[PDB]
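2 protein chains.
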Amino acid sequence: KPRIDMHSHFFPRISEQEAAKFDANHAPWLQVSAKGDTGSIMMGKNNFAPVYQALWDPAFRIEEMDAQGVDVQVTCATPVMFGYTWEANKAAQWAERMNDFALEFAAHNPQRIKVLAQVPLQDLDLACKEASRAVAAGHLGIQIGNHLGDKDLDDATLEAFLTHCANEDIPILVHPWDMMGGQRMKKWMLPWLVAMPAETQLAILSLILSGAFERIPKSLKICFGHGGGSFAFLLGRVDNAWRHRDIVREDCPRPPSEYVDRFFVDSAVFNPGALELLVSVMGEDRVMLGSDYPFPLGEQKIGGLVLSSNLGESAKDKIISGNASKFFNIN
Amino acid sequence: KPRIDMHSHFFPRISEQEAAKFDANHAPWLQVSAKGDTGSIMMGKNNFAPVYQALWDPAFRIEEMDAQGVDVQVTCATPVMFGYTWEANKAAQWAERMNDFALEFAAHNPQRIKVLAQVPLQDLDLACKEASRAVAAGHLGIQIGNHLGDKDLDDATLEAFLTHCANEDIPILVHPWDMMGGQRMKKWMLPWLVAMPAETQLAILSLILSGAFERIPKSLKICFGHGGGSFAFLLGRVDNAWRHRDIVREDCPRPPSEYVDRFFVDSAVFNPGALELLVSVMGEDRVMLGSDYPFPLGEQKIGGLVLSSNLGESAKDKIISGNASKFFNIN
Ligand SMILES: [Zn+2]
Ligand SMILES: [Zn+2]
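Residue numbers (the entry's author numbering), protein chains in the order written: chain B, 3 to 333; chain A, 3 to 333.
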């Protein structure tokens, strides 16, 4: 404290009516109960997901932000409302509305509620254009899904989007999404426990092993959700492959582990042993506090894992505050 | 002072014609150079994967085990030999043929070379039979793939098999294979770095979260390859999902981390920090030295990682030999 939570999500107060004007049965809208405190995300006229009032409603969130030790919270879209599968124009039309909706959300208090914007990533131009229009309008950066939906980061198109954002000092949060294991992982929220970490790790490696970091300006500010999934733990596995296989080493001139200095992670790894190794790999300068609020699989006690750790005080302040102040340029 | 490597692979001297009897298209076979030093595993008339002499030649393997300081090696099928997609009776015939080759491989030196059996896992009745048969013939246990198409370890067919092995005191090594991810990970051996440790993690969580460990006798000796993939690192994320989501908790009565007392992992994580986490999670009693010999991205210097670690002499003895001697019953 100043305490920054850079990983959380919102959903806009849109009517099914307005949603249908985009798509009648594939654009998400928000159903609210009589007594406000509950509701649900809807796809068609049929329920999609039940949802906490904290997801929308900036006023209710602030009270929770006060109850948590949380001064500033960055929030961006729920992966559902991405729409990387729609027509390019309908998506870019949709993109702008959510981003304006996000600012109507951060209008309730623009000091404590910062917002990242979404792009139509299926269309490079519109994506790049939407990004600058939104960051200039007051969004602090961009949140993208981690793939789309079959050729991963590394794809020269997505590399180009990263160059655009890097050239204009646009910060990126990369979020795992649209996993991933097919017709498996049906129970116990397995996609969140197995697939999400894997997606996130895939995205990172796809940048390192393609040698994308050799072509992208160091101006690139890029953060990866959920501690970078399983990346930090499996890194030694990767270096070993790099050392014994020409194919792993062909587009990657340095040991993959060299590249940790070209990206950020959030701290959401839910375990002191694991947070320690994450910092050991990433450096205290490259780990930012994120909660994944207000999702049940997020951190309930926001900052509790960091504050309670055997990390230095120097390290704690950077993670809780220092790193996100510079990354997003917040003061 | 003895050294036991409990994770290595072999491939037998099968000719194109003998494999042709099983399947002209899908039966793997071995093509050796005239000198007898290079080799290729073939699928039908097609080149699958390049391999070298240590895979098939136990004389050449012994000298390599001599150079490496490994006293006793436990080896088992290369997963391409599984034939889980085949017609059952054909696959059962194959399994037996393969497991007889494995006895003949071990014949060169049966005190230093120990084998695990494969099974027609797609058919429970035949699988149990072949497991029993093979162990009575000299195998110290079974190696199975971690899944059968969309069947993960929580599937009743797979749980019945484990339950059989438990009752008959047959140890199991669980190996990742037939990796998820589709057309997504085609460069830099990404399926090995990303999908492989995720598969292994899914196998473990599938037993844990379905409550399968509550139904399977505590006598079951079961080990997971490559340190149980990313399991140990992402355990916190699991325990936290279990604590805040009833659908994650529904079939699993205890916190997922309590189940580390029901299984083992090999030590192949390629990083002293990762090894330390792993041991911290599993305990020095539940981690065993395995190299993934003789594949390019196994451990080239067998035992190097464990030996250069800050672990006590007591824990090193266990991982290097102690644990496997009791797990597999070796002298
Ligand atoms: Zn999230
Ligand atoms: Zn292996």
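Where is the CB? At the ideal position from N, CA and C, for every residue including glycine.
Counting only the same chain and skipping the five closest in sequence on each side, list residues whose C-beta sits under 8 Å from that of residue i.
i, result
"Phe215 of chain A", "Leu209, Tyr261, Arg264"
"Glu170 of chain B", "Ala133, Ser134, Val137"
"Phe50 of chain B", "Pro30, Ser42, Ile43, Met44, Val82"
"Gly306 of chain B", "none"
"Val196 of chain B", "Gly183, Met187"
"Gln95 of chain A", "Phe24"
"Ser35 of chain A", "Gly41"
"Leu105 of chain A", "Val117, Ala139, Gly140, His141"
"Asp39 of chain A", "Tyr54, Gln55"
Straight-line CA distance for residue i to residue j?
i, j, result
"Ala243 of chain A", "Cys254 of chain B", "36 Å"
"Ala97 of chain A", "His246 of chain B", "32 Å"
"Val281 of chain B", "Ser316 of chain B", "13 Å"
"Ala22 of chain A", "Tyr86 of chain A", "17 Å"
"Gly140 of chain A", "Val117 of chain A", "8 Å"
"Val176 of chain B", "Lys131 of chain B", "18 Å"
"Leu237 of chain B", "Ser259 of chain B", "7 Å"
"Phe163 of chain A", "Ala129 of chain A", "7 Å"
"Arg114 of chain B", "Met198 of chain B", "28 Å"
"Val121 of chain B", "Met100 of chain B", "10 Å"
"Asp154 of chain B", "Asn273 of chain B", "29 Å"
"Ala108 of chain A", "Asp294 of chain A", "17 Å"
"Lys47 of chain B", "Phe297 of chain B", "24 Å"
"residue 1 of chain B", "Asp287 of chain A", "Chain B is shown from 3 up to 333; residue 1 of chain B falls before or after that span and cannot be answered."
"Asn331 of chain A", "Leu204 of chain A", "28 Å"
"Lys328 of chain B", "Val74 of chain A", "55 Å"
"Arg15 of chain A", "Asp152 of chain B", "39 Å"
"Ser311 of chain B", "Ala276 of chain A", "18 Å"
"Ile206 of chain A", "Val283 of chain B", "26 Å"
Once the 5 residues before and after residue i are set aside, which same chain residues still bring their CB inside 6 Å of it?
i, result
"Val137 of chain A", "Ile172"
"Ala326 of chain B", "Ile6, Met8, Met290"
"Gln70 of chain A", "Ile304"
"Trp179 of chain A", "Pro81, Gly147"
"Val72 of chain A", "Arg5, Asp7, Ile304"
"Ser212 of chain B", "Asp156, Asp253"
"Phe233 of chain A", "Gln203, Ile206"
Would you say residue i reaches chain A, if we count a Cβ-Cβ gap shorter than 8 Å as a contact?
i, result
"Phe329 of chain B", "no"
"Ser232 of chain B", "yes"
"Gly184 of chain B", "yes"
"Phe235 of chain B", "yes"
Give a yes or no on whether the minimum CB-CB distance between residue i and chain B is below 8 Å.
i, result
"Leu195 of chain A", "yes"
"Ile249 of chain A", "yes"
"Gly238 of chain A", "yes"
"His11 of chain A", "no"
"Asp294 of chain A", "no"
"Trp58 of chain A", "no"
"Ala214 of chain A", "no"
"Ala158 of chain A", "no"
"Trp96 of chain A", "no"
"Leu192 of chain A", "yes"
"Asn242 of chain A", "yes"
"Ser282 of chain A", "yes"
Beta-carbon within less than 7 Å of residue i's beta-carbon, same chain only, minus the 5 sequence neighbours each way: which residues are those?
i, result
"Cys167 of chain B", "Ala133, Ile144, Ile174"
"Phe235 of chain A", "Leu279"
"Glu66 of chain A", "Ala56"
Bridge partners for residue i per DSSP, in chain order?
i, result
"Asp7 of chain A", "A:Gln75"
"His166 of chain B", "Answer by DSSP bridge pairing: none, since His166 of chain B is not bridged."
"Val240 of chain A", "Answer is none; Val240 of chain A lacks a bridge partner."
"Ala119 of chain B", "B:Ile144"
"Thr40 of chain A", "A:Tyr54"
"residue 334 of chain A", "For chain A, the structure presents residues 3 to 333; residue 334 of chain A sits outside this window and is missing."
"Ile174 of chain B", "B:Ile144, B:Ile224"
"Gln113 of chain A", "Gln113 of chain A pairs with nothing; no bridge assigned."
Please determine whether the Cβ atom of residue i lies at a distance below 7 Å from any heavy atom of ligand 3.
i, result
"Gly231 of chain A", "Summarising the ligand content, the structure contains ligand 1 and ligand 2 and does not contain ligand 3."
query = Which of the residues in the segment 252–280 of chain B, read from start to end, lie with their CB under 7 Å from any CB of chain A?
reply = Legend: CB atoms of the segment 252–280 of chain B lying less than 7 Å from CB atoms of chain A belong to residues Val271, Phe272, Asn273, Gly275, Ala276, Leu279.
Near-chain A residues of the segment 61–85 of chain B (beta-carbon distance less than 9 Å), N- to C-terminal order = Taking 9 Å as the Cβ-Cβ cut-off against chain A, none of the residues of the segment 61–85 of chain B qualify.
message = Give me the subset of the segment 23–44 of chain A whose CB atoms are less than 7 Å from a CB atom of chain B, sorted by chain position.
response = Under the 7 Å Cβ criterion, the segment 23–44 of chain A contributes no residue.
message = Which residues of the segment 161–180 of chain B have a Cβ closer than 8 Å to any Cβ of chain A? Give them in chain order.
response = Flagged: no residues at all.
ask   = Residues in the segment 298–312 of chain B with C-beta within 9 Å of chain A's C-beta atoms, listed in sequence order?
value = Correct list: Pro298, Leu299, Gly300, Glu301, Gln302, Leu307.
Contact residues within the segment 195–211 of chain B, judged by C-beta distance below 7 Å to chain A = Legend: CB atoms of the segment 195–211 of chain B lying less than 7 Å from CB atoms of chain A belong to residues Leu195, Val196, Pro199, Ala200, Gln203, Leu204, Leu207, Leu211.
inquiry  = Under 7 Å, CB to CB, which of the residues in the segment 140–156 of chain A have a partner in chain B?
reply    = Result list: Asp152, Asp154.
inquiry  = For the segment 98–122 of chain B, list every residue whose C-beta sits within 8 Å of some C-beta in chain A, in sequence order.
reply    = Result list empty, no residue passes.
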